[PDB]
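J.: Protein chains in written order, with full-length UniProt numbering: chain A, 1 to 72, 76 to 146; chain B, 23 to 106.
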Amino acid sequence: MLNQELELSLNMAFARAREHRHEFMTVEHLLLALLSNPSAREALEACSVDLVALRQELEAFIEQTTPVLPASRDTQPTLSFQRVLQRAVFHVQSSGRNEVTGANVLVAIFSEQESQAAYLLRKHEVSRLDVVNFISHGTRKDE
Amino acid sequence: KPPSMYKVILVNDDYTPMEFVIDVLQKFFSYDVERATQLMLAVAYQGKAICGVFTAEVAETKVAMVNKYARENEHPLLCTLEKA
Ligand SMILES: [NH3+]CCC[NH2+]CCCC[NH2+]CCC[NH3+]
């Protein structure tokens, strides 16, 4: 049911997009907003990822690839974005849990193969398993 | 292995009005009248034309939106996407 922390993040990404009159709120918008999500930040820190760089990369990517709306139709979620969020909701429900966290959403991002977000995560050597191990079992740090 | 970029393309058909194609280029591709007109012409002349290059993610959504608009306005305007 999306814990309150996630809602904030989802709202944050959405505002980020509208604020720049972006035609689309993308998966990359989602990830950047997740960097400030405790549940999501913790998993990434546990995976030893340079959050300074990642933020730079995502922000640079969003600016250069996201179409802007003409001064002359509001911001819209990409189909990729919708799948990620729906994937997280489903898995939480199907695994018998009450709330969806940022970490669960983060996990679901790895399923969007052609997303820049999945690519950037792999570039920082973070796989889906690494995040899953940290969430379920001990603070299983990458090392 | 960065995600690949995609060409968003409009295909020519005999039932869609040129006026509608121009509408599409303006509403979804942010083209002005002049640039939109020559792109619709290229579509009619060459059979199809590349209307833009976007990231896979954006391209996928853009194609679905354009086709949805065409269908809602009862036109067969077919929009597709190609890699590279
Ligand atoms: N596609 C069907 C989804 C099935 N989900 C099963 C989740 C079960 C989680 N607990 C597994 C038990 C671990 N020993």
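C-beta atoms are modelled at their ideal positions from N, C-alpha and C, and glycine is treated no differently.
Can you find a heavy atom of ligand 1 that lies under 8 Å from the Cβ of A:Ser114?
T.: Start at 1 with the first residue of the first sequence, and residue 114 of chain A comes out as number 111. A:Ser114 Cβ: outside cutoff for every heavy atom of ligand 1.
J.: For A:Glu28 versus A:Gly105, is the C-beta distance shorter than 9 Å?
T.: Counted from its first residue, the first sequence places residue 28 of chain A at position 28. Counted from its first residue, the first sequence places residue 105 of chain A at position 102. No, Cβ-Cβ distance for A:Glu28 and A:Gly105 is not below 9 Å.
J.: Cβ of A:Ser83 less than 9 Å from any chain B Cβ?
T.: Counted from its first residue, the first sequence places residue 83 of chain A at position 80. A:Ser83 counts as touching chain B.
J.: I want to see whether chain A comes within less than 9 Å of B:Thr77, judged by CB atoms only; does it?
T.: Within the second sequence, numbered from 1, the residue matching residue 77 of chain B stands at position 55. At least one chain A Cβ lies under 9 Å of B:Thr77.
J.: Evaluate contact between the stretch 32 to 41 of chain B and the stretch 11 to 31 of chain A, counting only Cβ atoms and requiring at least three cross-stretch pairs below 8 Å.
T.: no
J.: Does the beta carbon of A:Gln56 sit closer than 9 Å to a beta carbon anywhere in chain E?
T.: You won't find chain E in this structure, because its protein chains are A and B.
J.: From the DSSP secondary-structure annotation, give me the bridge partner or partners of B:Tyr28.
T.: In the second sequence, the residue the question calls residue 28 of chain B occupies position 6. Per DSSP, B:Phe76, B:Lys105.
J.: Quick one: grab the DSSP three-state call for A:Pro38.
T.: In the first sequence, counting from the first residue as 1, residue 38 of chain A sits at position 38. In this structure, A:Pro38 counts as helix in the three-state DSSP scheme.
J.: Find the residues of chain B that neighbour A:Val27, judging by a C-beta separation of less than 7 Å, and give them in chain order.
T.: Position 27 of the first sequence holds residue 27 of chain A. In chain order, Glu79 make up the part of chain B whose C-beta sits under 7 Å from the C-beta of A:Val27.
J.: Is the Cβ-Cβ distance between B:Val80 and A:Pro80 less than 9 Å?
T.: Locating residue 80 of chain B in the second sequence gives position 58, where the first residue counts as 1. Locating residue 80 of chain A in the first sequence gives position 77, where the first residue counts as 1. The Cβ atoms of B:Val80 and A:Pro80 lie no closer than 9 Å to each other.
J.: Output the distance between the C-alpha atoms of A:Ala121 and A:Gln85, rounded to the nearest integer angstrom.
T.: What you label residue 121 of chain A is simply residue 118 of the first sequence in a count that begins at 1. What you label residue 85 of chain A is simply residue 82 of the first sequence in a count that begins at 1. Approximately 15 Å between the Cα atoms of the pair.
J.: When you compare the CB positions of A:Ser114 and A:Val134, do they come within less than 9 Å of one another, or not?
T.: For the purposes of this step, residue 114 of chain A is taken as residue 111 along the first sequence, with counting starting at 1. For the purposes of this step, residue 134 of chain A is taken as residue 131 along the first sequence, with counting starting at 1. No, the pair does not count as a contact, with Cβ atoms beyond the cut-off.
J.: Does chain B have any CB closer than 9 Å to the CB of residue 151 of chain A?
T.: This structure leaves residue 151 of chain A out entirely; chain A is present only between 1 and 146.
J.: Leaving out five residues before and five after A:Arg21 in sequence, what residues of the same chain have Cβ atoms less than 7 Å from its Cβ?
T.: Translated into positions along the first sequence, residue 21 of chain A becomes position 21. Within the same chain, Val68, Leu69 come within 7 Å of A:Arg21 by CB-CB distance, once the 5 residues on both sides are set aside.
J.: Regarding A:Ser98 and ligand 1, is the C-beta to nearest heavy atom distance less than 8 Å?
T.: Taking the first residue of the first sequence as position 1, residue 98 of chain A is located at position 95. Yes, the Cβ of A:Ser98 comes within 8 Å of a heavy atom of ligand 1.
J.: Which partner residues does B:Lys70 have in the DSSP bridge list?
T.: Locating residue 70 of chain B in the second sequence gives position 48, counting from the first residue. B:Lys70 is bridged by DSSP to B:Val33.
J.: Mind reading off the beta-carbon distance from B:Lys29 to B:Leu103? Whole number of angstroms is fine, and I expect it under 8 Å.
T.: Stepping through the second sequence from its first residue, residue 29 of chain B is reached at position 7. Stepping through the second sequence from its first residue, residue 103 of chain B is reached at position 81. Rounded, the Cβ-Cβ distance is 7 Å, consistent with contact.
J.: Assign A:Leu51 to buried or exposed, taking buried as 16 or more other Cβ atoms, counted over all protein chains shown, within 10 Å of its Cβ.
T.: Position 51 of the first sequence holds residue 51 of chain A. Label assigned to A:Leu51: exposed.
J.: Using a Cβ cut-off of 9 Å (strictly closer), state whether B:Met87 contacts chain A.
T.: Taking the first residue of the second sequence as position 1, residue 87 of chain B is located at position 65. By this cut-off, B:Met87 is an interface position.
J.: Going by the beta-carbon positions, is the gap between B:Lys105 and A:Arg76 smaller than 9 Å?
T.: Reading the second sequence from its first residue, position 83 is the one you call residue 105 of chain B. Reading the first sequence from its first residue, position 73 is the one you call residue 76 of chain A. Result no, Cβ atoms of B:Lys105 and A:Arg76 do not sit closer than 9 Å.
J.: Should A:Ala43 go down as buried or exposed, given a rule of 16 or more other Cβ atoms within 10 Å for buried?
T.: Position 43 of the first sequence, counted from the first residue, corresponds to residue 43 of chain A. Classification for A:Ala43: buried.
J.: What residue from A:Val108, A:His127, A:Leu132 has the CA that sits closest to A:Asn37's CA?
T.: Residue numbering aside, residue 37 of chain A sits at position 37 when the first sequence is read from its first letter. Taking only the C-alpha atoms, the option nearest A:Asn37 is A:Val108.
J.: In the structure shown, what three-state DSSP assignment does A:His22 receive?
T.: Taking the first residue of the first sequence as position 1, residue 22 of chain A is located at position 22. Three-state result, A:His22: strand.
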